[PDB]
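First the structure, in the form of structure tokens, and then the observations on it.
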Amino acid sequence: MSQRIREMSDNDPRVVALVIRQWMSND
Amino acid sequence: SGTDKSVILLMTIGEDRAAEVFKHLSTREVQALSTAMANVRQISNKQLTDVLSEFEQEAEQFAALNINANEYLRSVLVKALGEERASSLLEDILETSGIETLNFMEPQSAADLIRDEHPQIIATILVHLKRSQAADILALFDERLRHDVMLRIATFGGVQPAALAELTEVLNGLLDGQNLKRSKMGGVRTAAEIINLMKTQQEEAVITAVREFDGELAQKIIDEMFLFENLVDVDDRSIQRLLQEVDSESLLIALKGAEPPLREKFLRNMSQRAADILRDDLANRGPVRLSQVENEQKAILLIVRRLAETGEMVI
Amino acid sequence: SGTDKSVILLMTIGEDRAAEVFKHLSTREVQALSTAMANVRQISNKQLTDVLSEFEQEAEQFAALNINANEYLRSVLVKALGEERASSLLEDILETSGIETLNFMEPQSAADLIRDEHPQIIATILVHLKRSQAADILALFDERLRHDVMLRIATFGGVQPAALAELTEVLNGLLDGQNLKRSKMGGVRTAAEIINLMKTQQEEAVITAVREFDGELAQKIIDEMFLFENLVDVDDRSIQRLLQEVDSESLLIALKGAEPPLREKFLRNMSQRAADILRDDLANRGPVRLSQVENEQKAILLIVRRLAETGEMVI
Amino acid sequence: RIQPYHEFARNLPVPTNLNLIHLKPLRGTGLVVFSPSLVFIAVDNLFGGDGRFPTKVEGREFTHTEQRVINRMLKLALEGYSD
């Protein structure tokens with residue numbers, strides 16, 4: 001649990017949504 | 001799976017972050033993720049680390065600098081081709097269940113369509129429809145049917161899924177060639193523009209016939225033909241005559257509600273001391289409600305029309 | 001076996017730890033472990049050490065950072081799509097013995113279903129049903145049947161397992177297409193929203209017809225249409241008129257029970273000294289019960305309606 | 001009841017739902033008559049109506065949704081009568 005978690009939490013919610021959509025499509 | 005990784009990511013980013021992400025996700029995706037989330041029992045450290053690594057690798061690629069496509073496109077189209085062309089292009093770009101399709105239809109057509117149905121079915125459809133669309137539909141119904149529907153809606157207890165499916169299928173069957181329903185071309189405003197392009201004698205005939213008909217839309221067009229913002233194109237003598245015929249407070253309020261060019265034109269048409277006093281009163285006063293400014297502008301436009309009819313003003 | 005190792009672990013962690021673990025285990029697992037626990041006679045040191053080593057090796061993998069999936073999912077869905085969509089999605093995610101199935105059904109349907117049965121059978125089923133569901137069912141029965149059931153329940157001596165199995169089989173046979181039973185779509189509140197979207201003349205007709213019908217739900221909708229928290233959207237003059245027409249104590253209590261934005265709006269609409277006195281009285285006073293605050297807000301809303309009807313207030 | 005066909009016809013409210021059935025192997029065409037009140041009651045019950053509001057006389061053709069309700073009743077009635 002390094003600073004990577006904090007960096008990911010600071011990312012744009014739209015980026016997270018796009019990544020989630022891409023993963024769901026790849027499912 | 002990717003759904004499980006996304007679920008783990010949503011769990012580990014926090015409730016606020018996951019809620020913000022769901023605001024950018026469709027209903028189906030949110031439902032699927034929530035269903036997967038409720039069945040989660042354990043997330044091992046290896047799985048967590050792999051999910052973090054995969055998400056960071058994906059975010060390295062994008063890193064897409066997300067832009068509000070709708071707002072940016074609207075602004076570009078407006079600043080490029082005016083408001084009308086921008087709105088038309090947006091409508092073209094923007095352009096389903098039977099109930100959802102009915103929400104995308106004209107109030108009178110849907111009202112007459114569901115009017116040939118059992119009142120309980122009408123109430124159920126209206127409940128399933130949009131509130132504004134249902135209100136528009138109900139306003140067009142007869143008093144007896146409207147009262148019956150309002151009574152039935154007040155005692156609505158839910159419908160069976162099979163009945164809902166059958167109702168949706170029937171509504172789909174009753175559909176017609178509703179593609180490209182309605183069209184925004186013109187009317188009233190276009191009529192006013194055409195009248196403004198017809199001769200003085202022809203516009204005299206126009207006043208005559210419009211007064212002769214319904215009278216209400218005649219006054220609506222009286223208001224519509226020429227606007228307050230068009231006073232900037234009038235000659236200076238007419239503006240000075242308007243200053244003579246308009247009270248100081250009404251003129252001040254109208255200038256406050258108008259554009260800086262029109263205000264400067266009116267100030268130039270006024271004397272130096274009077275213009276300075278008007279500016280000082282504007283600065284020392286406070287904001288004025290839009291309704292009051294509109295009423296004062298309407299009075300000033302009535303004075304404009306009175307002066308123009310007498311021949312003292314040229315429009 | 002794994003069951004024996006789990007039993008040894010539960011014995012060696014202590015009564016409190018094992019009890020806490022059982023709170024996270026299903027009924028079948030708890031029953032099986034308890035049955036295995038009661039037959040334990042000896043746990044050698046080698047077996048104990050092997051169980052400890054295996055449990056620690058398993059816990060090294062997870063180490064899963066267990067999260068409350070239900071609560072976290074509910075919070076995410078709420079903060080993402082509002083309370084209504086969150087509740088709908090939770091209901092979709094959440095959605096058996098005959099008696100258990102009846103507990104998942106509508107009170108009137110189950111009441112009429114068991115009404116066609118021997119009263120002793122009815123009492124046995126109601127005892128086996130949920131207390132709230134049984135109370136709802138009994139409230140719908142006739143006085144004679146209700147009294148007979150209450151008398152029989154007071155003298156219930158247990159049922160044979162074969163009779164219980166036959167009753168369960170009969171109840172399963174009597175089941176119907178109860179899948180997706182009932183549906184939360186709208187009613188009353190949706191009717192109020194539609195009325196609010198219909199014209200002033202149309203809402204006059206609405207008052208008329210609603211008074212004409214049952215009258216009770218008419219007053220319920222009178223209360224429902226517009227709420228106290230909606231006062232923030234009203235113009236300042238109407239709020240000042242309300243301040244004029246509302247006693248200081250009632251206004252103070254309502255502001256205490258309301259949101260900080262509405263309280264600040266009311267204070268702004270008041271004079272400086274009166275607002276300061278109101279704030280000082282609020283600070284120096286103590287907590288007020290919710291019922292009293294609701295009653296004061298209801299009185300203030302009645303005053304709001306009275307002022308709006310007279311035309312002094314615009315809603 | 002045993003009566004001439006015209007006597008039965010004159011007592012049927014207008015409009016009414018009339019369904020033609022054949023009782024094979026016997027030759028002929030049977031009729032199943034559903035009163036409009038029963039159809040309205042079934043429609044009200046299927047769409048959550050509590051039945052408080054009395055039914056209003058309409059004298060109108062049944063909607064296709066009401067037609068499907070009548071068909072749903074008719075299939076069960078047919079199975080029952082056959083059995």
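By order of appearance in the structure tokens: chains A, B, ..., then residues from 1 within every chain, and ligands from 1 in the order shown.
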
Please produce, as a Markdown table, a per-residue contact table for chain D versus chain C (criterion: any atom at most 12 Å away, only C-alpha atoms considered), showing the nearest atom pair and its distance in Å to one decimal, sorted by chain then residue number.
| residue | atom | partner | partner_atom | distance |
| --- | --- | --- | --- | --- |
| D:46 | CA | C:182 | CA | 11.2 |
| D:47 | CA | C:182 | CA | 10.8 |
| D:48 | CA | C:182 | CA | 9.2 |
| D:49 | CA | C:187 | CA | 11.7 |
| D:52 | CA | C:214 | CA | 10.8 |
| D:53 | CA | C:213 | CA | 10.4 |

Selection export as a compact mmCIF listing (two decimals), in the first residue's frame, atoms kept: N, CA and C atoms:
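Result went into result_3.txt, see below:
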# COMPACT_ATOMS: atom_id res chain seq x y z
N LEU D 46 -55.63 -6.33 -13.31
CA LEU D 46 -54.30 -6.61 -13.85
C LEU D 46 -53.39 -5.39 -13.86
N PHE D 47 -53.95 -4.18 -13.79
CA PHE D 47 -53.16 -2.96 -13.83
C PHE D 47 -53.19 -2.22 -12.49
N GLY D 48 -53.41 -2.95 -11.39
CA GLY D 48 -53.31 -2.39 -10.06
C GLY D 48 -54.53 -1.66 -9.56
N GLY D 49 -55.61 -1.60 -10.33
CA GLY D 49 -56.81 -0.93 -9.86
C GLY D 49 -57.43 -1.66 -8.69
N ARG D 52 -62.34 0.56 -6.47
CA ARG D 52 -63.17 1.54 -5.76
C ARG D 52 -64.05 2.32 -6.73
N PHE D 53 -63.48 2.73 -7.86
CA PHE D 53 -64.22 3.57 -8.81
C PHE D 53 -65.21 2.72 -9.59

Determine, using only C-alpha atoms, which residues of chain A have any atom at most 6 Å from an atom of chain B, and tabulate each with its shortest atom pair and distance in Å to one decimal place, rows ordered by chain and then rising number, as JSON lines.
{"residue": "A:9", "atom": "CA", "partner": "B:13", "partner_atom": "CA", "distance": 5.5}
{"residue": "A:13", "atom": "CA", "partner": "B:21", "partner_atom": "CA", "distance": 4.9}
{"residue": "A:17", "atom": "CA", "partner": "B:21", "partner_atom": "CA", "distance": 5.4}
{"residue": "A:20", "atom": "CA", "partner": "B:6", "partner_atom": "CA", "distance": 5.4}
{"residue": "A:23", "atom": "CA", "partner": "B:2", "partner_atom": "CA", "distance": 4.3}
{"residue": "A:24", "atom": "CA", "partner": "B:2", "partner_atom": "CA", "distance": 5.4}
{"residue": "A:27", "atom": "CA", "partner": "B:2", "partner_atom": "CA", "distance": 5.5}

Convert the current residue selection to file output with N, CA, C and O atoms, as a tab-separated table (two decimals), in the first residue's frame.
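The file below, out10.tsv, is the result:
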chain	number	residue	atom	x	y	z
A	9	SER	N	-6.18	7.33	-6.55
A	9	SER	CA	-7.34	8.05	-6.01
A	9	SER	C	-7.41	9.48	-6.53
A	9	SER	O	-8.50	10.05	-6.60
A	13	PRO	N	-12.08	10.96	-12.43
A	13	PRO	CA	-13.13	9.92	-12.45
A	13	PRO	C	-13.51	9.48	-13.85
A	13	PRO	O	-13.91	8.32	-14.04
A	17	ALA	N	-13.70	5.69	-15.21
A	17	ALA	CA	-14.89	5.17	-15.90
A	17	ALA	C	-14.52	4.56	-17.24
A	17	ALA	O	-15.05	3.50	-17.61
A	20	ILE	N	-12.84	1.22	-16.63
A	20	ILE	CA	-13.84	0.23	-16.24
A	20	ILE	C	-14.63	-0.24	-17.45
A	20	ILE	O	-14.90	-1.44	-17.62
A	23	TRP	N	-12.46	-2.57	-19.52
A	23	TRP	CA	-12.35	-3.89	-18.90
A	23	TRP	C	-13.64	-4.68	-19.07
A	23	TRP	O	-13.60	-5.89	-19.36
A	24	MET	N	-14.79	-4.03	-18.91
A	24	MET	CA	-16.07	-4.72	-19.09
A	24	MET	C	-16.24	-5.18	-20.53
A	24	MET	O	-16.75	-6.28	-20.78
A	27	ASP	N	-14.19	-8.18	-21.09
A	27	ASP	CA	-14.71	-9.38	-20.44
A	27	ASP	C	-15.43	-10.28	-21.44
A	27	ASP	O	-15.29	-11.51	-21.39

(request) Choose the residue, out of D:82, D:55, D:65, D:37, that has the smallest atom-to-atom separation from residue 14 (chain D); count only C-alpha atoms. (result) D:37

List the spatial neighbours of residue 173 (chain C) as a PDB file with C-alpha atoms, in the first residue's frame - criterion: any atom at most 12 Å away, only C-alpha atoms, same-chain residues fewer than 3 positions off excluded.
ATOM      1  CA  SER C  97     -39.886 -23.062   1.827  1.00  0.00           C
ATOM      2  CA  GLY C  98     -43.570 -22.375   1.289  1.00  0.00           C
ATOM      3  CA  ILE C  99     -43.872 -20.565   4.616  1.00  0.00           C
ATOM      4  CA  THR C 101     -42.120 -17.727   0.402  1.00  0.00           C
ATOM      5  CA  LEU C 113     -54.852 -17.587   0.483  1.00  0.00           C
ATOM      6  CA  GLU C 166     -47.462 -31.897   4.239  1.00  0.00           C
ATOM      7  CA  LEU C 167     -48.486 -28.306   5.014  1.00  0.00           C
ATOM      8  CA  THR C 168     -45.315 -27.001   3.360  1.00  0.00           C
ATOM      9  CA  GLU C 169     -45.938 -29.157   0.283  1.00  0.00           C
ATOM     10  CA  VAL C 170     -49.548 -27.953   0.042  1.00  0.00           C
ATOM     11  CA  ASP C 176     -48.759 -18.932  -8.251  1.00  0.00           C
ATOM     12  CA  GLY C 177     -46.590 -16.810 -10.529  1.00  0.00           C
TER      13      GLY C 177
END

(request) Do a neighbour search on residue 120 (chain B) at 10 Å with only C-alpha atoms, toss out local chain neighbours closer than 6 positions, and write the hits as a PyMOL selection string. (result) (chain B and resi 126+148-149+151-153+156) or (chain D and resi 40+43-49)

Could I get the residues of chain B with an atom no further than 8 Å from an atom of chain C, each paired with its nearest atom pair and that distance in Å to one decimal, using only C-alpha atoms, sorted by chain and residue number, as JSON lines?
{"residue": "B:11", "atom": "CA", "partner": "C:72", "partner_atom": "CA", "distance": 7.6}
{"residue": "B:15", "atom": "CA", "partner": "C:76", "partner_atom": "CA", "distance": 5.0}
{"residue": "B:16", "atom": "CA", "partner": "C:76", "partner_atom": "CA", "distance": 6.7}
{"residue": "B:18", "atom": "CA", "partner": "C:76", "partner_atom": "CA", "distance": 5.9}
{"residue": "B:19", "atom": "CA", "partner": "C:80", "partner_atom": "CA", "distance": 4.0}
{"residue": "B:20", "atom": "CA", "partner": "C:80", "partner_atom": "CA", "distance": 5.9}
{"residue": "B:21", "atom": "CA", "partner": "C:80", "partner_atom": "CA", "distance": 7.6}
{"residue": "B:22", "atom": "CA", "partner": "C:80", "partner_atom": "CA", "distance": 5.5}
{"residue": "B:23", "atom": "CA", "partner": "C:80", "partner_atom": "CA", "distance": 5.4}
{"residue": "B:31", "atom": "CA", "partner": "C:89", "partner_atom": "CA", "distance": 6.4}
{"residue": "B:34", "atom": "CA", "partner": "C:73", "partner_atom": "CA", "distance": 6.6}
{"residue": "B:35", "atom": "CA", "partner": "C:93", "partner_atom": "CA", "distance": 5.5}
{"residue": "B:37", "atom": "CA", "partner": "C:69", "partner_atom": "CA", "distance": 6.4}
{"residue": "B:38", "atom": "CA", "partner": "C:69", "partner_atom": "CA", "distance": 5.4}
{"residue": "B:39", "atom": "CA", "partner": "C:69", "partner_atom": "CA", "distance": 7.5}
{"residue": "B:40", "atom": "CA", "partner": "C:69", "partner_atom": "CA", "distance": 6.5}
{"residue": "B:41", "atom": "CA", "partner": "C:66", "partner_atom": "CA", "distance": 6.9}
{"residue": "B:42", "atom": "CA", "partner": "C:64", "partner_atom": "CA", "distance": 5.1}
{"residue": "B:43", "atom": "CA", "partner": "C:64", "partner_atom": "CA", "distance": 4.5}
{"residue": "B:44", "atom": "CA", "partner": "C:64", "partner_atom": "CA", "distance": 4.0}
{"residue": "B:45", "atom": "CA", "partner": "C:64", "partner_atom": "CA", "distance": 6.1}
{"residue": "B:127", "atom": "CA", "partner": "C:186", "partner_atom": "CA", "distance": 6.6}
{"residue": "B:128", "atom": "CA", "partner": "C:185", "partner_atom": "CA", "distance": 7.4}
{"residue": "B:131", "atom": "CA", "partner": "C:194", "partner_atom": "CA", "distance": 5.8}
{"residue": "B:132", "atom": "CA", "partner": "C:197", "partner_atom": "CA", "distance": 6.5}
{"residue": "B:134", "atom": "CA", "partner": "C:194", "partner_atom": "CA", "distance": 7.0}
{"residue": "B:135", "atom": "CA", "partner": "C:194", "partner_atom": "CA", "distance": 5.5}
{"residue": "B:136", "atom": "CA", "partner": "C:198", "partner_atom": "CA", "distance": 7.4}
{"residue": "B:139", "atom": "CA", "partner": "C:198", "partner_atom": "CA", "distance": 6.8}
{"residue": "B:147", "atom": "CA", "partner": "C:209", "partner_atom": "CA", "distance": 6.7}
{"residue": "B:150", "atom": "CA", "partner": "C:191", "partner_atom": "CA", "distance": 6.7}
{"residue": "B:151", "atom": "CA", "partner": "C:210", "partner_atom": "CA", "distance": 7.9}
{"residue": "B:153", "atom": "CA", "partner": "C:187", "partner_atom": "CA", "distance": 5.5}
{"residue": "B:154", "atom": "CA", "partner": "C:188", "partner_atom": "CA", "distance": 4.4}
{"residue": "B:155", "atom": "CA", "partner": "C:187", "partner_atom": "CA", "distance": 6.4}
{"residue": "B:156", "atom": "CA", "partner": "C:187", "partner_atom": "CA", "distance": 5.1}
{"residue": "B:157", "atom": "CA", "partner": "C:187", "partner_atom": "CA", "distance": 7.3}
{"residue": "B:158", "atom": "CA", "partner": "C:183", "partner_atom": "CA", "distance": 5.1}
{"residue": "B:159", "atom": "CA", "partner": "C:183", "partner_atom": "CA", "distance": 6.4}
{"residue": "B:160", "atom": "CA", "partner": "C:182", "partner_atom": "CA", "distance": 6.4}
{"residue": "B:161", "atom": "CA", "partner": "C:180", "partner_atom": "CA", "distance": 7.1}

(request) Give me, please, the distance in Å between CA of residue 256 (chain C) and CA of residue 237 (chain C), quoted to one decimal. (result) 21.6 Å

(message) Considering only alpha helix (DSSP H) as DSSP defines it on the backbone, what residues of region 85-140 of chain B qualify? List them as an MDAnalysis selection string.
(response) chainID B and resid 85:94 98:103 107:115 119:128 131:139
